[PDB]
Amino acid sequence: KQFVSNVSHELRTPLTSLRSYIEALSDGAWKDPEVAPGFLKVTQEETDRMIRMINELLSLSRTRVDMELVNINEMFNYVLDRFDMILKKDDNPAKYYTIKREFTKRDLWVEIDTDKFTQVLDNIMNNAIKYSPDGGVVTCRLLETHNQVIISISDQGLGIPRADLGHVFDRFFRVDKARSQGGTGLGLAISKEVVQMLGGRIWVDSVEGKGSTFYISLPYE
Amino acid sequence: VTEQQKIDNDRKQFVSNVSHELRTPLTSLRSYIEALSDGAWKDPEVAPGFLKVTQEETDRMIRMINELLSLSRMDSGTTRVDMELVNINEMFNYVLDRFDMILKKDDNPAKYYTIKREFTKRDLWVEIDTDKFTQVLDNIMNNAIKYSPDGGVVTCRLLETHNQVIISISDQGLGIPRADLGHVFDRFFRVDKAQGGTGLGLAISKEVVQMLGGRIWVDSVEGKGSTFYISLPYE
Ligand SMILES: Nc1ncnc2c1ncn2[C@@H]1O[C@H](COP(=O)(O)OP(=O)(O)CP(=O)(O)O)[C@@H](O)[C@H]1O
Ligand SMILES: Nc1ncnc2c1ncn2[C@@H]1O[C@H](COP(=O)(O)OP(=O)(O)CP(=O)(O)O)[C@@H](O)[C@H]1O
């Protein structure tokens with residue numbers, strides 16, 4: 001049943017991603033030859049991914065990671081692409097949310113599990129938007145230093161209490177204050193151990209009035 | 001130890017069912033997406049039709065995920081319930097008012113239905129969670145409307161006894177087999193239909209009503225109709 005809670009949570013980003021592209025296609029993009037095949041490709045990939053997700057989360061209930069060498073620039077770019085589409089077909093005024101990308105010009109190659117790591121990126125990107133009720137710009141950086149590849153995601157949202165910067169990675173822990181709104185508290189806990197499974201590190205810095213920055217570090221080579 | 005056994009076995013089939021039930025819309029989706037990708041997107045007489053179906057399968061899964069989440073919070077005691085003293089007469093009336101309002105707008109209604117109200121005349125004040133309890137009434141009212149003949153009457157009663165507040169909602173449909181009066185509240189139990197409709201509604205409603213300290217059950221005679229009951233402890 002821990003299966004049920006986890007799969008319910010983790011299916012939310014792909015379903016939202018899937019619906020956004022379907023609505024874009026439905027809104028008229030299906031008539032447009034230079035975008036429709038690309039959009040359809042994303043829906044096909046997200047649908048297949050959700051099926052891969054359902055089966056594996058059920059098997060875990062009975063150290064299963066699929067490591068491949070990946071170009072993080074391209075993947076993170078792909079992940080952000082899905083969120084851009086989400087934001088363009090959302091209920092909010094255009095430019096109410098913005099994803100700013102600041103990637104290094106180098107191509108960074110890292111050993112990760114593509115499906116499991118995507119879940120991590122989805123959770124944090126979801127958080128950055130969801131806890132930015134008054135809108136905001138999300139800043140996503142990608143760089144390598146000291147043999148580590150580092151991803152950072154910054155928001156102009158609500159902050160995180162300094163006392164709770166450690167607790168946000170705990171399972172079912174949610175910040176107990178009021179917003180301008182919250183769910184289970186499973187996102188960052190799940191996200192943390194996937195990063196730890198990949199040999200990485202995750203941490204957060206925040207100012208309670210202006211926003212937060214989450215960090216992921218992965219082994220380079 | 002058949003106790004812990006039955007607990008562990010109910011859980012295993014539920015989990016299997018959730019795997020199967022989430023897998024099915026996605027597989028349908030995959031087929032439509034491949035048809036579109038294989039070339040149907042270029043075709044104006046099928047592409048819009050296909051896209052709508054994919055949208056519905058997606059929407060249905062979102063309703064499923066949300067319902068699976070309500071059940072998981074309930075299954076863990078994470079659910080936050082707020083018992084407050086409210087006028088049940090007025091609340092039930094508002095629920096019925098909103099359903100009445102829907103039918104009074106002519107989107108060439110699929111099926112015309114009538115709601116007869118038989119409320120007690122004393123005003124009943126009770127501790128409940130209005131938001132969660134309203135959800136239950138909608139679920140039963142939706143069912144009552146969905147499974148009633150064309151021109152049928154839905155009978156909504158509110159009555160009190162020394163120790164119980166009783167709400168009953170009756171439909172004039174084909175009813176429910178005596179063997180399935182308990183089973184209709186089980187998770188994923190739905191009429192044989194092989195889009196929409198999860199079969200989690202009454203399961204959620206049973207656990208919400210039980211959460212509020214109440215009781216829910218159904219009586220039916222095949223061919224004549226069904227009556228659903230909600231009992232809440234009075235004063
Ligand atoms: N950018 C941000 N700004 C402010 N608070 C944040 C934040 N990112 C996370 N948090 C807080 O830290 C906690 C992280 O827990 P987690 O994200 O697992 O809960 P959750 O899964 O219910 C969020 P969601 O419903 O969007 O998936 C949240 O309760 C949230 O309040
Ligand atoms: N008033 C009624 N009369 C006859 N059968 C009913 C009924 N209410 C429910 N049922 C049957 O019991 C099962 C459980 O109903 P429930 O309302 O939980 O399904 P659901 O969650 O998909 C909402 P809906 O069926 O209105 O879309 C359904 O499959 C339905 O066939």
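As the structure lists them, so they are numbered: ligands from 1, and atoms in each ligand from 1. For the numbers below, each heavy atom of this structure counts, side chains included, while hydrogens, waters and symmetry mates do not. The sequence lines fix the lettering, A, B, ..., with proteins before strands; numbering per chain opens at 1.
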Contacts table for residues 179-194 of chain A: side-chain donor-acceptor under 3.5 angstrom, sequence neighbours left out:
| from | atom 1 | to | atom 2 | distance (Å) |
| --- | --- | --- | --- | --- |
| A/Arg179 | NH2 | A/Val175 | O | 3.4 |
| A/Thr184 | OG1 | A/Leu186 | N | 3.4 |
| A/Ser191 | OG | A/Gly187 | O | 2.8 |

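Here B/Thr227 contributes atom OG1 and B/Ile169 contributes atom CD1; the two are 10.0 Å apart, rounded to the nearest 0.5 Å.
Every pair tested for ring-ring contact (aromatic ring centres under 6.0 Å, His included) that includes a residue from residues 177-202 of chain B fails, sequence neighbours excluded, so the list is empty. Every pair tested for ring-ring contact (aromatic ring centres under 6.0 Å, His included) that includes a residue from residues 53-82 of chain B fails, sequence neighbours excluded, so the list is empty.
In the vicinity of B/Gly197, heavy-atom distances shorter than 4.0 Å reach the ligand 2 atoms 22 (O), 27 (O).
For the residue pair B/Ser148/B/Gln172, the side-chain donor-acceptor check at 3.5 Å is not satisfied.
When each of A/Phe83, A/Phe117, A/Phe103 is tested with A/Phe76 by the rule ring pair (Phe, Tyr, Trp, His ring centres under 6.0 Å), just one qualifies, namely A/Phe103.
The contact shell of ligand 1, taken as protein residues with any non-hydrogen atom closer than 4.0 angstrom, comprises A/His9, A/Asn126, A/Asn127, A/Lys130, A/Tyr131, A/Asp155, A/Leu158, A/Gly159, A/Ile160, A/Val168, A/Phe173, A/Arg174, A/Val175, A/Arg179, A/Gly183, A/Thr184, A/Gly185, A/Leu186, A/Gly187, A/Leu188, A/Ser212, A/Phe214.
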